[PDB]
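Before I ask anything, here is the structure I am working with.
Neighbour counts run over all protein chains shown; Cβ positions are idealised from the backbone, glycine included. Nothing in this text is a laboratory measurement; each read-out follows from the coordinates by a stated rule.
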Amino acid sequence: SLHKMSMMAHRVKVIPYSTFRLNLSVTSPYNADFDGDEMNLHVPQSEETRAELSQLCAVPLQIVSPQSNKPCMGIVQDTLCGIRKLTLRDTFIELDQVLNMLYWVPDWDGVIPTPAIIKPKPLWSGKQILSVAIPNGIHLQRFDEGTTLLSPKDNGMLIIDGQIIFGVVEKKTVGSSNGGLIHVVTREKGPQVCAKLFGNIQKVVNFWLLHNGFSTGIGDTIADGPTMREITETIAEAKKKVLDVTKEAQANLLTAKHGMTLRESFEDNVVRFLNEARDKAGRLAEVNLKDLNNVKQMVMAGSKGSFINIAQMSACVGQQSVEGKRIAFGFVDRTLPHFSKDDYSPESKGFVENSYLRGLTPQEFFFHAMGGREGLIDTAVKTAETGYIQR
Amino acid sequence: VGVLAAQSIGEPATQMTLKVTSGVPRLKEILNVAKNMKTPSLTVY
Amino acid sequence: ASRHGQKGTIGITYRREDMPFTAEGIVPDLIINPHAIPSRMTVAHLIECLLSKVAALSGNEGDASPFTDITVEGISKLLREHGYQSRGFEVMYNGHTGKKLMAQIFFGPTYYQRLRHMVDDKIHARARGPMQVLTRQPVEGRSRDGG
Amino acid sequence: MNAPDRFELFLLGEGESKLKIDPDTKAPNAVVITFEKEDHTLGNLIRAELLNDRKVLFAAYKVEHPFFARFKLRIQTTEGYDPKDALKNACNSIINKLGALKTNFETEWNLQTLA
Amino acid sequence: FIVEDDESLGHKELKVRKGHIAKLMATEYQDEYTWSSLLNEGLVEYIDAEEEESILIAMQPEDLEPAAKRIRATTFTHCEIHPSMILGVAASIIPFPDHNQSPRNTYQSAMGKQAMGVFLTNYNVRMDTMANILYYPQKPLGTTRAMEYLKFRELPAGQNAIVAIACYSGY
Amino acid sequence: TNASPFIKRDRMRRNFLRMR
Amino acid sequence: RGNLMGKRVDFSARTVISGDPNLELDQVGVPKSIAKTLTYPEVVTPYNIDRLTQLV
Amino acid sequence: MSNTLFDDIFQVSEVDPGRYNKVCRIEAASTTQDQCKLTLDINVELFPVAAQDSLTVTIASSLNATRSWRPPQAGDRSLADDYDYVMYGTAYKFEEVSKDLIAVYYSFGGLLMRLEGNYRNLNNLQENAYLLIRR
Amino acid sequence: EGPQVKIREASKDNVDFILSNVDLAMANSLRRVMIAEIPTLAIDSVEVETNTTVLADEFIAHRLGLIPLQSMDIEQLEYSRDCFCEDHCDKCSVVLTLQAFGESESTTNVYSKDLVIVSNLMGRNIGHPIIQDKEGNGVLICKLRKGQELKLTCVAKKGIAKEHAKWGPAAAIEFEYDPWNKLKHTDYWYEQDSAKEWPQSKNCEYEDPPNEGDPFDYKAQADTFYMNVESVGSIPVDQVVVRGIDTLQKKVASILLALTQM
Amino acid sequence: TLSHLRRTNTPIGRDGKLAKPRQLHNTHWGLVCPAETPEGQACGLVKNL
Amino acid sequence: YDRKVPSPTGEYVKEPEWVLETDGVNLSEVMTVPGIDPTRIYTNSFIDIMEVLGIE
Amino acid sequence: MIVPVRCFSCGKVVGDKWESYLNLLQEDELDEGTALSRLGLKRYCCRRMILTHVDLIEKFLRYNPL
RNA sequence: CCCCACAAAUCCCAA
Ligand SMILES: [Zn+2]
Ligand SMILES: [Zn+2]
């Protein structure tokens, strides 16, 4: 237990197939995945305990984290990706599906909204039906850097009377955020309707995903030919610049920046150049990346992924680090017995050039191992230390 | 209140990475003085 | 767990009649979350899956060989000439309705191994059991029916 | 283990029929039907073929949880027309269609008798 | 491998040739060269951890010996017999350890020891406190050349399955 | 462009046996 | 520390957990074995007499 | 009970895909009116639209807290339906530009359209309306 | 008349045919009924009188519970649970016995044909273990050498596939419709080209090409389904298809009569 | 079992330091496996030939 | 560095300035050297501020 | 151990063919590919097993118990 | 009953 959360009350619906069972939404506050976790239970005995446990430690009145004044709750990976998929202008849906998913919402008004379109067939926007799960009397405006009230890029979000008007649902809008929808509904209506909202959204989005389906694979990572060739030449020109700086240094004329030592300036410059190479290559790989890609959808949709992840998988990794100072000369005058002595070329001193897609080279593999070991040990010590401080 | 504040300040104790000293050692130093400096720098305007 | 640290547990079990099924009628043995791929950033797992598929097709057993010249492109070419989608994506059907799945799914064989932690060994509950002699508190240990 | 068991798959319930009736109070002539010891294999077919009819207004079915082989089905239609009559006519249509399919199949296969 | 700088054939060459390896294969398939028999006539030499500070190593037997897939001096003295041999026992099982993040390889190396399968063959006779034996072990379709020497293929760990990467909406 | 995706032990055994 | 501010307790259990999107927040899935073992006291009232009698 | 609020003929300038495979933004200028400007989102996959084309628009408040939408009623539906693009939605903002030119913003599920022109400063609406487009 | 059917080809084990004038729900329900609840017979309970082999006992029991059995006349008898009897009378059970002796000096195999019927067969073709190969040897059970003995008594009872895979007669099914994606139910992921990056279905040649730019026929409806059914061998395939249709219609009739009763 | 024979161990302390041999070293090349290590309170201490 | 400064027209604008960063700590003197702001000085080591400026 | 029966994924009976599969690779010196193809395993689910099976009873039985 | 081993569990991230 770390903070006020991880301690919540719960109602019980008893289930076969011996194990525990809980909602995906509450995953984050407990900080518990399903990789084989173990979880405790306590049963009150008297009446006073039950009452005060119901009135203080129940989840519905625990939505907003007092420690950071933003809701610690929030929908999560699967439904998040799915709702991003559904909330796109370019989607539609037919009677057969909408009837079922309307019946899926428990408190559905029993009234079907009119189709947004009629010409050959009644259809509905994902926004249209999703508005049903939203309780009435809610309003929200975002206007994030686009949103000309006729948003071409469709960024931002606007809701009127619990009905979507425009925008694409996003973790930045529906996830744990300062101006999040869950925050608004909790503060506005009542700190239990939000629970029903969670249930409805999760249920309907899961149902739609079931019949839609979504996946990924290797072909997601592989990039265009000429683009990765451009990546290669960018790496090459970065190497050329590094070599030029090294040549200038070796002739004893240099900037000799104020304060720090000549070697320090050299290291700073080379590190800067390598990082420039890495992030420029990642930017190029991303801007290449097709918009029908799954992993790109996933990363821009929120829950899982990063610019760094796709960059490392596709184009380049960047030099491994050991407390900032790049890998030092273990042996005399070299970092590895496969190199000539006294070399400062990025490959010689441990710059990972290749990308995961092609696969590393023995040396680069070793350097990656070094970095991983560093991270492992540092965390394995800080855990006990910071636990002592916390206590 | 006090327990709530302690827990709030103790939550980010884990999610941290580890040149000007910072991080967990700096937190320990400032919270645990320990009249040592390790970075005696001061700004002048 | 896989051979790449991608550990996990079973959530529920379906049967064939409603498990998603492919054109050839193959049905998967188990399905994992696609979201587990990028964050952990384990790529070699997917190469293993693809190579295993092509090896099973050809019957010739595959190769890993950490530092060699084998690349994805040859795998894709060989798999394609065997008569499947080059990157391993596959048309997929929904068992409940039989309707086409809107997307496609990467899908092939992969090696797993069973771990040591069966739930039955780790379930444990107690209500008014034995007390400890020295301190009158509940005793320790699941085996000794502790608290 | 003392849980509801595997016999809920098809072994019918004890002391109760294969179905129960309950009228919704939210829409006129709306009736929800609870089915148990089955799943999609019947509900999908029933809902689709019922929706084929145009005299009916709204039909939908869902399964509450994969653990329990039970599912619910909701129907309402235009005034006067009783939903139960609609569904029984739907079952009649189904049985006739499948019977025609069967008979056609045996006719074909006997025709396709090798040599 | 020991590499003679001199070469009548030209530039530089590691001393061993094709005849020796042919004799090795012949010896093996007989079911009389041993590794020792390779040692005596000066073809491979042991190197302690101290010497490397006075030796230059060639990763590949062809990396620079003479004059898209991936990215690829003239004074070598020894060439690595094979790079994939820098691993240990458990990591050898990991297919393509190059193509994934290192901490993930460490996670797998630690975890694999917690897998069932077979541990001997006499177990029907050999009493013990704890024992796990699964029904139908399968040698994984993917594999590296190493674990053949680990007898792993003889005594597999798990069995492969037909996985699918999808979010089938529930669990 | 196979680049040796597969290896066989018994086939190599028999091939070198007939080679001997 | 091992006895006064922290001690063993009773009426507790621990197992492995799994997700479910068909169960809302405030609920939690519990295996019936625990329900057999874990218990809770009630006091007989003119209100719960029938239910408690049936339960016994 | 059902009357047109505004009718006109428009000429489309050009079509924009907007990296969407099925929907495309559209815009047109009025023929009879020299100031009424139009923009709109159209499902091109459902209905072909070409540049330099004449379009006809209709407001059609209703059709001659509404209850559940009736199934298409394969019997008689004698409605204002002698068009093709019949569809429904809601207005959400009004804007007065140039002190004379009123602007109305209509939302369609996720689709949008913006209308201009200043003579019906009162005829146009309220929140919801229909839309009728022929050929 | 309605849902016409056209046969493609057939063999001892598999059948291919076309299905027309059907809705998707009906076809999927057919698939599920063949794959799920076609009644058959399998070994269920085993009596290990004496084991000596290196192989475990319950291991052998599980292996036995998987050999298919002749089940043409399965409808004749009734379920054990629905039978008024106790302990598996002949009207709802069949008894099998196995006798394996480690006599020779080489390893001796045990094949499905070794076990023999014991109880009354009452004149219905039931319980014969299928021998697919030309060599008359069923699937191998276990092996013995010179010192091992197996005395096994098995009881086979009704069962159905959906509760456990033992009673699964189908074990193989296929499903196709719109090979040309003219319904556009799904698109195709593709890095460079949709066409080249995908192969062509063997069912393509039957339906026409998509007419190369015809406007999207929104009101078109799915039909013309492609079926492949292959049975394990416990029972002829046309039999499994007709039995599936019969059990589905029996289910529908049951729900209708329950409605009437209510 | 094989991964338990070729095993090593050194005494350093109970809790542990964070700048001493836990982290891998260049000299370790080709002698000790750079990935086959336990994690937690012993990471970088036990190592494998 | 730059500092957000009240604009003479009544707004804010990021404006450059020059600052001095050191590698040692002392206050009883640097407060006195001419040409230096005697107010906006600041040090990481708060204890010295307490010893000089005061507990507040 | 004994080759599995009734392939996991599909369900087609496997094991009856196993001994046939062995001699196909002994006196016919074919490859496993053509061996299975003639053996008649279109789907690879029925085929993965035959590829990856590891006999152990061969090692077990050649003890001399009693 | 203690002492020692031996394993899980905290497997990030934000845009
Ligand atoms: Zn009986
Ligand atoms: Zn199979």
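Report, in whole Å, the centroid distance computed from the Cα atoms of segment G:20-51 and segment D:45-81.
Using only Cα atoms, the two centres lie 33 Å from each other.
Between I:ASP246 and K:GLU11, what is the spin-label point distance in nm, taking each point 7 Å from the Cα along the Cα→C-beta axis?
In this crude label model, I:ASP246 to K:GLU11 measures out at 8.9 nm.
Loop-only trypsin sites (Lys or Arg not before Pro) in segment I:12-55, please: DSSP not H, G, I, E or B, and at most 11 other Cβ atoms within 10 Å. Each step should come with its number before you reach the end.
Details: sites: I:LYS12, I:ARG31, I:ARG32; in loops: I:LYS12.
Passing sites in segment I:12-55 are I:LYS12.
Excluding residues on the same chain fewer than 8 positions from L:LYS42, give the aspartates and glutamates whose Cα lies under 14 Å from its Cα.
C:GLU24, I:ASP13, I:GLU174, I:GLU230, L:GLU32
Given axes a ≥ b ≥ c from the Cα gyration tensor, I'd like to know whether chain L is rounded (a/c under 1.5), prolate (a/b larger than b/c) or oblate.
Details: a/c = 2.79, a/b = 1.43, b/c = 1.95.
Note, shape of chain L comes out oblate.
Which value, in debye to the nearest 20, describes the size of the charge dipole of segment I:40-165 about its Cα centre when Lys and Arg Cβ atoms bear +1, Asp and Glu Cβ atoms bear -1, and nothing else is charged?
Working: 13 positive and 19 negative charges, 65 e Å.
Dipole of segment I:40-165, to the nearest 20 debye: 320 debye.
Rg and Dmax of segment A:36-81, Cα atoms, in Å?
For segment A:36-81, the Cα-based Rg and Dmax read 14.8, 44 Å.
Between exposed chymotrypsin sites (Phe, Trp or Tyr not before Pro) in chain A, where DSSP calls loop and at most 16 other Cβ atoms lie within 10 Å, what's the longest gap?
Values: sites that count: A:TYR17, A:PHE143, A:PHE329, A:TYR344.
No qualifying site falls inside A:144-328, the longest such stretch.
Compute the normalised compactness of segment E:96-137: alpha-carbon radius of gyration over 2.2 N^0.38 Å, N being the residue count. Intermediate results must be reported in sequence, preceding the final value.
On the way: Rg = 14.9 Å, N = 42, 2.2 N^0.38 = 9.1 Å.
Taking the Cα Rg and dividing by 2.2 N^0.38 Å, one obtains 1.63.
Let me ask you something else. Please report, in whole Å, how far the alpha carbons of chain G spread along each principal axis, starting with the longest.
Principal-axis extents of the Cα atoms in chain G, largest first: 44, 39, 20 Å.
Of the options E:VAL44, E:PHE96, E:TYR135, report the single residue whose Cα projects farthest towards the positive end of the charge dipole of chain E (beta-carbon charges: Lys, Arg +1; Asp, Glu -1).
E:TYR135
Quick check: Cα centre of segment C:1-52 to Cα centre of segment A:207-256, how many Å?
About 30 Å separates the Cα centre of segment C:1-52 from the one of segment A:207-256.
Could you please report the charge total around A:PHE34, scoring K, R as +1 and D, E as -1 over all other residues with beta-carbon less than 13 angstrom from its beta-carbon? Intermediate results must be reported in sequence, preceding the final value.
Numbers: positive: A:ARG21, C:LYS7; negative: A:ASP33, A:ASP35, A:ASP37, A:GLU38, A:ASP78, G:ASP20.
So the environment of A:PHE34 carries a net charge of -4.
Also, quick follow-up: Summing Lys, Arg as +1 and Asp, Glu as -1, what charge do residues with Cβ under 13 Å from the Cβ of A:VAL64 carry, A:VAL64 excluded?
Numbers: positive: A:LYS4, A:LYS70, A:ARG187; negative: A:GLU188.
So the surrounding residues net to +2.
Next question. May I ask you to order K:29-38, E:112-121 by the average number of other C-beta atoms within 10 Å around their residues, highest value first? Kindly include the intermediate steps, with their values, before the conclusion.
Numbers: K:29-38: 9.7, E:112-121: 16.1.
In decreasing order of mean packing, K:29-38, E:112-121 become E:112-121, K:29-38.
Taking a ≥ b ≥ c as the square roots of the eigenvalues of the Cα gyration tensor of chain K, is the shape rounded (a/c under 1.5), prolate (a/b larger than b/c) or oblate?
Values: a/c = 2.42, a/b = 1.99, b/c = 1.22.
It is prolate, given that a/c is not under 1.5 and a/b is the larger ratio.
Hey, what did segment A:185-319 get for relative contact order, percent, Cα under 8 Å, at least 6 apart?
Numbers: 83 pairs, mean separation 38.7, N = 135.
Relative contact order of segment A:185-319: 29 percent.
Still on this structure, please answer the following. Evaluate the relative contact order of segment I:40-165 (contact order divided by residue number), counting alpha-carbon pairs under 8 angstrom at least 6 apart; express in whole percent.
Numbers: 244 pairs, mean separation 54.9, N = 126.
Result for segment I:40-165 is 44 percent.
Considering every residue in E:11-24, what mean count of other chain Cβ atoms within 10 Å of its Cβ is obtained? Show your work: numbers first, answer last.
On the way: counts 0, 0, 0, 0, 0, 0, 0, 0, 0, 0, 0, 2, 0, 0.
Other-chain Cβ atoms within 10 Å of each residue's Cβ, averaged: 0.
Turning to a different aspect of this structure: Measure up D:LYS97/I:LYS157; A:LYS4/A:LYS172; L:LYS12/L:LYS59; E:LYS113/E:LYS151; A:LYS85/C:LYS53 against 23 Å on the Cα-Cα distance and list the ones that go over. Mind dumping the intermediate values first?
Values: D:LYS97/I:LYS157 34 Å; A:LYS4/A:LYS172 25 Å; L:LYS12/L:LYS59 27 Å; E:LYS113/E:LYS151 16 Å; A:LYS85/C:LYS53 30 Å.
With Cα atoms farther than 23 Å apart: D:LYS97/I:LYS157; A:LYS4/A:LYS172; L:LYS12/L:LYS59; A:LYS85/C:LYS53.
Given all pairs of different Cα atoms, what value in angstroms does the Kirkwood hydrodynamic radius of segment I:40-165 take?
Values: mean 1/r = 0.0648 Å⁻¹.
By the Kirkwood definition, the hydrodynamic radius is 15.4 Å.
With viscosity set to 0.890 mPa s at 25 °C, what whole-number translational diffusion coefficient in µm²/s follows for segment A:128-172 from Stokes-Einstein and a Kirkwood radius over Cα pairs? Spell out each step's value before the answer.
Numbers: Rh = 10.8 Å.
Taking Rh from Cα pairs, D becomes 227 µm²/s.
OK, next. Where the eigenvalues come from the Cα gyration tensor of segment H:1-73, what are the semi-axes √(5λ) of the equivalent ellipsoid, largest first, in whole Å? Mind dumping the intermediate values first?
Values: eigenvalues 132, 79, 18 Å².
For segment H:1-73, the semi-axes come out at 26, 20, 10 Å.
Here's something else I'd like to know. If one computes the Cα centroid of segment I:91-122 and of segment A:1-66, what distance in Å separates the two points?
57
Kirkwood hydrodynamic radius of segment C:1-77 from all distinct Cα pairs, in Å? Walk me through the numbers on the way to the answer.
On the way: mean 1/r = 0.0670 Å⁻¹.
Answer for segment C:1-77: a Kirkwood hydrodynamic radius of 14.9 Å.
Grab the other residues whose beta carbon is less than 11 angstrom from that of A:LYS239, score K and R as +1, D and E as -1, and report the net.
On the way: positive: A:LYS240, A:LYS241; negative: A:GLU233, A:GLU237, A:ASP244, A:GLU347, A:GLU353.
Around A:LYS239, the charge tally is -3.
Hey, what D do you get for the protein assembly as shown in µm²/s if you plug the Kirkwood alpha-carbon radius into Stokes-Einstein at 4 °C and 1.567 mPa s?
Answer, rounded: 34 µm²/s.
Between C:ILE26, C:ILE105, C:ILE123, which gets the highest mean-square fluctuation from a Gaussian network model of chain C, Cα cutoff 10 Å?
Looking only at C:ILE26, C:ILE105, C:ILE123, the largest GNM fluctuation is found for C:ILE123.
What do you get for Rg/Rh over segment A:263-391 if you use C-alpha atoms and the Kirkwood form of Rh? Don't skip to the answer; put the middle values down first.
Values: Rg = 17.6 Å, Rh = 16.8 Å.
Across segment A:263-391, the Cα-based Rg/Rh ratio is 1.05.
Could you work out the percent of alpha carbon pairs in segment C:1-133 separated by over 19 Å, rounded to a whole number? If you can, show how the numbers build up before the last one.
Working: 5481 of 8778 pairs.
I get 62 percent for the Cα pairs in segment C:1-133 exceeding 19 Å.
Give the average, rounded to an integer, of partner chain Cβ atoms located within 10 angstrom of each Cβ in D:57-64.
Numbers: counts 4, 8, 4, 9, 3, 6, 2, 1.
Taking all residues of D:57-64 together, the mean is 5.
Would you report the distance distribution of C-alpha pairs in segment I:1-61 as whole percents per 10 angstrom bin, up to the bin with the largest distance?
Histogram of Cα-Cα distances, whole percents per bin: 15, 28, 21, 15, 15, 7, 0.
Further question: What value, in deg cm²/dmol to 500, does the helix sum -39500 (n - 2.57) over DSSP H runs of n ≥ 4 give at 222 nm once divided by the residues of chain B? The partial results should precede the final answer.
Working: 2 runs with 18 residues, N = 45.
Calculated at 222 nm, the ellipticity per residue is -11500 deg cm²/dmol.
Quick one: which of C:131-143, I:246-258, G:28-40 comes out on top by average Cβ neighbours within 10 Å, and what's the full order, highest first?
Values: C:131-143: 11.9, I:246-258: 16.3, G:28-40: 17.8.
Answer by packing, highest mean first, reads G:28-40, I:246-258, C:131-143.
Select from A:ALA315, A:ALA277, A:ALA51 the residue whose mean-square fluctuation is largest in a Gaussian network model of chain A (Cα-Cα springs shorter than 10 Å).
In the Gaussian network model the winner is A:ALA51.
Sticking with this structure for a sec: Given contacts defined as C-alpha pairs under 8 Å and at least six residues apart, what's the relative contact order of chain D, whole-number percent?
Averaging sequence separation for qualifying contacts and normalising by length gives 22 percent for chain D.
List the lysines whose Cα sits under 18 Å from the Cα of E:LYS23, skipping any in the same chain fewer than 8 residues away.
Leaving aside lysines fewer than 8 places away in the same chain, those within reach of E:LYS23 are E:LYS15.
Please compute, for peptide A:307-319, the average count of beta-carbon atoms on other protein chains lying within 10 Å of each residue's beta-carbon. Walk me through the numbers before you get to the answer.
On the way: counts 0, 1, 5, 2, 0, 3, 6, 0, 0, 0, 1, 0, 0.
What the average comes to for A:307-319 is 1.
Now a separate question. Using only the Cα atoms of chain H, construct the convex hull and provide its projected area averaged over every direction, in square nanometres to one decimal. Walk me through the numbers before you get to the answer.
Values: hull surface 37.3 nm².
For the Cα atoms of chain H, the hull's average projected area reads 9.3 nm².
Given Cβ point charges of +1 (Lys, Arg) and -1 (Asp, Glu) and nothing else, what value in debye, to the nearest 20, does the dipole of the protein assembly as shown about its Cα centre take?
2640
Specify which residue in the list D:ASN29, D:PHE67, D:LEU101 is farthest towards the positive end of the charge dipole of chain D, using unit charges on the beta carbon of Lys, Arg (+1) and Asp, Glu (-1), about the Cα centre.
D:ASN29
With the cut-off at 28 Å, tell me which of the pairs I:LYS219/I:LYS250; I:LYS196/L:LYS17; A:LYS296/C:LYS100; A:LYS341/E:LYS12; A:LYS241/E:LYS69; G:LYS7/G:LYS36 have Cα atoms farther apart than that. Intermediate results must be reported in sequence, preceding the final value.
Numbers: I:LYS219/I:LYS250 34 Å; I:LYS196/L:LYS17 38 Å; A:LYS296/C:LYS100 23 Å; A:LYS341/E:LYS12 21 Å; A:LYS241/E:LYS69 25 Å; G:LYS7/G:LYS36 25 Å.
Cα-Cα > 28 Å for I:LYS219/I:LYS250; I:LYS196/L:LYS17; rest within.
Right, next: Using a simple charge model, +1 on the beta-carbon of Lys and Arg, -1 on the beta-carbon of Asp and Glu, nothing else, what dipole does chain A show about its Cα centre, in debye to the nearest 20? Mind showing how you got there, number by number?
Values: 43 positive and 43 negative charges, 93 e Å.
In total the dipole reaches around 440 debye.
Here's something else I'd like to know. For chain I, report the translational diffusion coefficient in µm²/s to the nearest whole number, using Stokes-Einstein at 10 °C, 1.306 mPa s, and a Kirkwood Rh over Cα pairs.
Working: Rh = 22.0 Å.
Value of D from the Cα-based Kirkwood radius: 72 µm²/s.
For chain C, what is the mean residue ellipticity at 222 nm derived from helices alone (per DSSP H run of n ≥ 4: -39500 (n - 2.57); sum divided by total residues; nearest 500 deg cm²/dmol)?
-6500 deg cm²/dmol
Can I ask one more? Taking only the alpha carbons of chain D, what extent do you get along each of the three principal axes, in Å, biggest first?
Computed over chain D, the largest-to-smallest principal extents equal 62, 49, 23 Å.
Rank C:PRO138, C:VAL91, C:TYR111 by how far each Cα sits towards the positive end of the charge dipole of chain C (+1 on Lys, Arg Cβ; -1 on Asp, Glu Cβ) and give me just the farthest.
Of the candidates, C:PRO138 comes out farthest on the positive side.
What is the mean projected area of the alpha carbon convex hull for chain A, to one decimal in square nanometres? Show your work: numbers first, answer last.
Working: hull surface 113.7 nm².
Computing the convex hull of the Cα atoms and averaging its projections yields 28.4 nm².
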